Amino acid sequence: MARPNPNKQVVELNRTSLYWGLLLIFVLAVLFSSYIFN
Amino acid sequence: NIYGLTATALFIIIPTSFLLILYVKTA
Amino acid sequence: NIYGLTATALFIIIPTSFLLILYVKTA
Amino acid sequence: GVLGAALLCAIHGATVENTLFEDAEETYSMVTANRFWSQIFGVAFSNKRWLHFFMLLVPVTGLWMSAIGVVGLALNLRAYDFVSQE
Amino acid sequence: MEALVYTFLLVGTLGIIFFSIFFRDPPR
Amino acid sequence: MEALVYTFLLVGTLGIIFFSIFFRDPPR
Amino acid sequence: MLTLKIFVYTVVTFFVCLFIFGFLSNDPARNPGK
Amino acid sequence: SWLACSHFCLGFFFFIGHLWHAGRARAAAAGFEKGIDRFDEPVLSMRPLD
Amino acid sequence: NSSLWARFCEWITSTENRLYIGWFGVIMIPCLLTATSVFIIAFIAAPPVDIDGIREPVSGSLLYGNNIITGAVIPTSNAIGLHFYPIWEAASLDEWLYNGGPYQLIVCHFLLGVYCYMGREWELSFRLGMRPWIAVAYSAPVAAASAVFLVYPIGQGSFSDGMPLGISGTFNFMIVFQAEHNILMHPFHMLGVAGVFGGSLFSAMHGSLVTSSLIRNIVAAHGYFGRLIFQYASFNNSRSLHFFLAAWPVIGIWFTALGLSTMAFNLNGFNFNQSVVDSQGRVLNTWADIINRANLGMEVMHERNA
Amino acid sequence: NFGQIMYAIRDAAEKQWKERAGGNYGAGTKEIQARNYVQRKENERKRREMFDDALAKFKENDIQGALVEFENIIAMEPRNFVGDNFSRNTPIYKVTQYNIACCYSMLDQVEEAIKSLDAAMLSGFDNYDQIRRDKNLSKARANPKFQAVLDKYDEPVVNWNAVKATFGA
Ligand code: CLA
Ligand code: CLA
Ligand SMILES: C=Cc1c(C)c2cc3nc(c4c5[nH]c(cc6nc(cc1[nH]2)C(C)=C6CC)c(C)c5C(=O)[C@@H]4C(=O)OC)[C@@H](CCC(=O)OC/C=C(\C)CCC[C@H](C)CCC[C@H](C)CCCC(C)C)[C@@H]3C
Ligand SMILES: CC(C)=CCC/C(C)=C/CC/C(C)=C/CC/C(C)=C/CC/C(C)=C/CC/C(C)=C/CC/C(C)=C/CC/C(C)=C/CC/C(C)=C/CC1=CC(=O)C(C)=C(C)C1=O
Ligand SMILES: CCCCCCCCCCCCCCCC(=O)OC[C@H](COP(=O)(O)OC[C@@H](O)CO)OC(=O)CCCCCCCCCCCCCCC
Ligand SMILES: CCCCCCCCCCCCCCCC(=O)OC[C@H](COP(=O)(O)OC[C@@H](O)CO)OC(=O)CCCCCCCCCCCCCCC
Ligand SMILES: CC1=C(/C=C/C(C)=C/C=C/C(C)=C/C=C/C=C(C)/C=C/C=C(C)/C=C/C2=C(C)CCCC2(C)C)C(C)(C)CCC1
Ligand SMILES: [Fe+2]
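So the protein sequences, as listed, match chains L, P, U, F, B, S, D, Y, R and Z. Residue numbering for the first sequence follows the UniProt record's numbering, beginning at 1 and increasing consecutively. Residue numbering for the second sequence follows the UniProt record's numbering, beginning at 4 and increasing consecutively. Residue numbering for the third sequence follows the UniProt record's numbering, beginning at 4 and increasing consecutively. Here the fourth sequence stands for residues 203 to 225, 240 to 302, numbered as in the UniProt record's numbering. Residue numbering for the fifth sequence follows the UniProt record's numbering, beginning at 1 and increasing consecutively. Residue numbering for the sixth sequence follows the UniProt record's numbering, beginning at 1 and increasing consecutively. Residue numbering for the seventh sequence follows the UniProt record's numbering, beginning at 1 and increasing consecutively. Residue numbering for the eighth sequence follows the UniProt record's numbering, beginning at 412 and increasing consecutively. Here the ninth sequence stands for residues 10 to 225, 247 to 336, numbered as in the UniProt record's numbering. Here the tenth sequence stands for residues 131 to 140, 166 to 173, 175 to 325, numbered as in the UniProt record's numbering.
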């Protein structure tokens, strides 16, 4: 087996990032569902 | 309109859950 | 069956989200 | 609840009886049992108090819920039929 | 039943706004 | 459409199981 | 479905042979401290 | 019916006996049948599982 | 030691894996994966099966208009019986499904998987140095599953008698079994009920005593138990108590599984019919007779064909 | 030094862990596990480099240094070790005590070389051809107890003597 990978990194995102993401998804949903239902 | 309901539900669940899992891991 | 769908959806959204809020606050 | 209670009784007895120390201090190795059950089943107990409280919580909840069901039946409120399938 | 879906989306968005207001992450 | 609801509930439960297995919190 | 039969047979035989040789590899138990 | 039932029960019980005695014999041969040594636990020599 | 075999063996046998694999895992994992995949797919979508083999299909798939509580994987059709029915012996995939092959596939793979799991439960226990016989305690549910899924069909001569892989199917199986054989009035099922109830009782009581004693002591809990009931000075040590906890339910389930297998060869429970007779020959009904009437109703409604 | 004597014969962090009394996993046990794992890793690392030193020096014919090095590598053998494949002994343990058994032969110590190769056999040095064939150990091979221990640990598969005797009768 190979040696431990040297360039292993972890992803992070703070509360502002979560709020931005949730708001984006919900805004896109409320905008597009009206046309999806048709 | 079942396709619309399932598409909307998937779009709400999968990405928001995705983000929530990452944030839970961060903290 | 609209009543069943709305009741089920409320029971999946409100409590699970409630737990998630507290856990986010803890960490 | 009842079947899970029997399951917990059997598993706890077997686990405690199969991780003894050779011969105060706890007789059985908690770390060994936790490792064993976390690698086989996937999740294993880490706190003794929580485990011995779970063994209490299961049957009580099961029988209380069955009692609520029997109360429901006492007034003939019975989950008898599915209208759609009928 | 589409109406209930629309109200659910709107109320959820309002909840996101409320949480963004009152539960802000303190800097650093 | 009830079938999709049932399947969603089932797969959601399996997801909870998966996360409880592989993403455990290291105690203390 | 001869093709599927042969595919299932070969996968099963591979698994069983590996299963056996895994144990044949293991060395016998012994007590060092005795 | 008597033959089949009696001999199935006896065969199953003797299979359980095989399981028990084989496990005990292997453990005794390995040397840790009496219990863990409480000083040199093989689990402790392994890294924490995360 | 870089040979493919060497590194593969090290990987499989290593405890570094999140879930220990072991050699038994080699057969355990793929079998369970096949069983669960086929089970999920069949439950979600599958055509009706001819369980009774007289061209009266029984819908059991979730997608064909039935609920979770009612959805089930119908057992193999009565026509095939004990014959081995993979895909490739079937004339076609549609006919394979109509007859009910996926139940046979699932049950075979599941039995192999559970046996291999029982084995790995010993193998890992040997690795860590702990005592080996946790598998023995596991032999009870495995024995019951084998009795329900394999031994009983063998006794009855057909695979259609195996427990359907569903909830309402399980209730139907239990009711039909009570109809054919007096499962309720059989001493081994009585021992099984005793085992389950005693397991629940002992789990609850032991949890209460230990959690109460854990304050910041076992002598106090021992005295508590001794003073509560007239019984005094038993299970003085944790070893005997924790062995008894494992010994009660395991023996109960062993006995109930053996009772099921015994009934597989038509050795029914007690038959107390016309047990009480007055003078000059009349029949006085007892509770066993009302049970018999219920069995009559179940059995007569079970025989779908003439 | 262990090496010299044998050639001649030719808590601060653990108090939290000592949670084990309370039957809890906790965090102290994790720290102890990590410390033990890293200590073990360094242990076999240094045993390996000591073995490299031993072979390099044996190439120089300094059997004294090779022997002290080989009686030192055995010294740090962990107690109650169960291998990944149920070995019960680290893989080096069997080879090193074979080489020391060779080295003892070079020292004209056949009597203790017999015990060294007996202990090598106990560890599961399943390779039987060289011990019979290797000329390097031939000096100690002359002793009858060498063949006695080889027989009790490598029995003839077929009793030619017994079958011939039965044929005679
Ligand atoms: C010929 C077969 C055989 C032999 C020679 C042995 C020999 C031994 N066993 Mg093993 N064993 C066997 C079969 C055998 N066993 C089977 C089939 C099982 C499965 C249940 C077991 C399970 C078993 C366990 C779990 C243990 C042993 C132990 C022992 C040792 C002590 C004997 C003992 O318990 O005291 C004699 C004990 C008694 C006389 C108590 C009898 C209690 C039973 C329940 C009586 C039941 C009688 C009843 C009428 C039968 C109804 C049958 C019906 C279901 C059809 C001894 C080396 C013990 C040990 O320490 O090993 C070193 C131990 O812990 N054995
Ligand atoms: C209150 C009354 C009462 C009570 C307490 C019981 C109690 C019991 N009955 Mg009886 N019964 C009753 C009334 C009652 N019955 C009546 C009224 C009828 C007639 C309608 C019956 C008819 C009846 C039959 C016909 C049978 C029972 C059986 C049983 C036993 C079930 C547990 C068992 O053996 O499974 C043991 C455990 C298992 C079977 C589980 C095996 C699990 C496998 C090994 C693993 C599965 C893995 C899983 C799929 C994956 C997990 C996923 C992960 C995410 C968690 C138990 C002793 C059964 C029995 O005795 O057992 C054979 C049986 O066959 N009963
Ligand atoms: C019906 C009651 C019941 C159930 C469901 C159950 C379930 C379980 N017990 C286990 C263990 C045990 N149970 C024990 C004693 C007992 N168990 C009892 C009663 C039960 N125990 C009783 C009464 C006792 C006392 C004797 C012991 C001693 C053990 C164990 O050691 C073992 C364990 O691990 O404990 C933690 C687990 C075995 C996991 C496995 O198969 O590998 C994993 C398999 C996986 C993940 C996938 C399998 C999925 C398959 C492919 C599904 C296919 C479809 C099936 C045919 C099922 C059909 C479902 C329909 C009926 C709806 C599992 C969670
Ligand atoms: C298409 C598909 C997927 C088909 C699926 C179809 C289908 C039928 C799905 C299933 C439907 C379904 C989910 C039905 C079940 C629903 C149901 C009835 C739920 C009941 C829920 C409820 C709220 C009831 C209340 C009663 C209740 C409290 C029950 C709890 C049961 C329960 C969790 C019991 C414990 C089970 C268990 C496996 C415990 C093992 C614990 C364990 C690992 C201990 C090991 C261990 C032992 C030691 O001794 C020590 C020392 C240590 C350290 C240690 O670790
Ligand atoms: C099938 C498999 C699944 C497929 C789907 C996968 C989806 C993956 C997730 C995609 C979404 C990710 C969202 C990240 C969200 C996020 O956290 O981003 C954060 C990012 C800035 O973050 P920084 O780089 O400063 O953070 C550094 C680190 O701390 C990490 O955050 O902002 C952006 O780059 C743009 C964000 C979207 C745009 C924001 C503004 C516009 C939208 C709001 C509009 C409101 C309405 C106004 C009009 C009414
Ligand atoms: C190779 C074998 C693979 C097995 C795969 C199956 C894995 C199952 C894992 C179950 C985890 C349950 C969630 C635990 C959540 C969790 O994090 O628990 C963690 C908990 C341990 O808690 P701690 O000891 O860390 O708690 C310390 C206390 O101080 C509290 O903080 O685990 C247990 O005690 C045992 C729980 C068994 C419960 C079994 C329930 C099984 C339910 C299955 C439902 C199936 C539905 C199917 C729908 C179709
Ligand atoms: C290699 C190996 C391994 C693993 C493996 C695995 C994990 C596998 C898996 C596998 C799998 C996971 C498989 C699966 C399979 C499945 C199947 C085979 C299925 C089938 C199905 C079918 C066939 C169906 C059909 C149908 C339906 C039911 C629907 C519609 C209709 C029809 C009829 C089409 C390990 C690492 C441990 C070690 C070494 C060995
Ligand atoms: Fe306990």
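Backbone N, C-alpha and C define an ideal beta-carbon position, used for all residues, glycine too.
Residue 200 (chain R) has its CB no nearer than 6 Å to any heavy atom of ligand 2. Contact between the region 48-67 of chain R and the region 75-83 of chain R is present: 3 or more CB-CB pairs across the two stretches fall below 8 Å.
By the neighbour-count criterion, in which 16 or more other beta carbons inside 10 Å mark a residue as buried, residue 167 (chain Z) falls on the exposed side. The shortest CA-to-CA distance from residue 110 (chain R) to any of R:30, R:95, R:249 and R:214 is the one to R:95.
DSSP, reduced to helix, strand and coil, places residue 6 (chain P) within a helical segment of the structure shown. Interface flag for residue 285 (chain F) against chain S is unset, since no Cβ pair is found closer than 7 Å. With a cut-off of 6 Å, the C-beta of residue 34 (chain L) is classified as distant from ligand 5, since no heavy atom of the ligand falls inside that distance. Within the region 243-268 of chain Z, those residues whose Cβ lies closer than 7 Å to any Cβ of chain D are, in chain order, 243, 244 and 245. The beta carbons of residue 193 (chain R) and residue 282 (chain R) sit no closer together than 7 Å. Close to residue 21 (chain S), with beta-carbon spacing below 8 Å, are these residues of chain F in chain order: 258 and 259. Following the DSSP letters along the chain, one finds residue 28 (chain D) in no alpha helix (DSSP H), marked with neither H nor E. When beta bridges are read from the DSSP output, residue 223 (chain F) appears opposite Y:447. Following the DSSP letters along the chain, one finds residue 228 (chain Z) inside the alpha helix (DSSP H) bounded by residues 219-229. DSSP places residue 181 (chain Z) in the coil class of the three-state scheme, outside both helix and strand. Taking 7 Å as the cut-off, the beta carbon of residue 147 (chain R) is found closer than this to the beta carbon of residue 130 (chain R). Looking at the DSSP output, residue 174 (chain R) bridges to R:82.
Taking 7 Å as the threshold, the shortest C-beta distance from residue 50 (chain R) to chain S does not fall below it.
When 9 Å is used as the limit between beta carbons, residue 9 (chain U) is near no residue of chain S, the shortest such separation being about 12 Å.
Using beta-carbon distances, residue 434 (chain Y) counts as an interface residue toward chain R, with a partner under 7 Å. Residue 431 (chain Y) has its CB nearer than 6 Å to a heavy atom of ligand 1. Inter-segment contact for the region 194-214 of chain Z and the region 244-262 of chain Z is present: three or more beta-carbon pairs are separated by less than 8 Å.
C-alpha of residue 98 (chain R) to C-alpha of residue 164 (chain R): approximately 24 Å in a straight line. For residue 14 (chain S), the enclosing alpha helix (DSSP H) stretches over residues 2-22. Boundaries cannot be given for residue 245 (chain F), as no alpha helix (DSSP H) includes it and DSSP labels it neither H nor E. If you draw a straight line from the Cα of residue 214 (chain R) to the Cα of residue 283 (chain F), it is about 20 Å long. Residue Y:455 holds the alpha-carbon nearest to the alpha-carbon of residue 189 (chain Z) among Y:413, Y:455 and Y:430. In the three-state DSSP reduction, residue 307 (chain R) falls in the strand class (E or B). Taking one beta carbon from each stretch, the region 202-209 of chain R and the region 310-322 of chain R have fewer than 3 pairs nearer than 8 Å; the two do not touch. A distance below 7 Å between beta-carbons, with the five flanking residues on each side excluded, links residue 226 (chain Z) to the following residues of its chain, in chain order: 210, 252, 255, 256 and 259.
Taking 7 Å as the cut-off, the Cβ atoms of residue 228 (chain Z) and residue 133 (chain Z) count as close. Using a Cβ-Cβ cut-off of 8 Å, residue 5 (chain B) is close to 8 and 11 of chain P, given in chain order.
Residue state for residue 313 (chain R) is assigned as strand, using DSSP reduced to three classes.
Rounded to whole angstroms, the Cβ separation of residue 22 (chain L) and residue 16 (chain B) is 5 Å, and the two are in contact under 8 Å. Residue 307 (chain Z): member of the alpha helix (DSSP H) spanning 300-309, first to last residue. One alpha carbon belongs to residue 61 (chain R), the other to residue 427 (chain Y), and they sit about 36 Å apart. In the three-state scheme derived from DSSP, where H, G and I count as helix and E and B as strand, residue 286 (chain F) is classed as helix.
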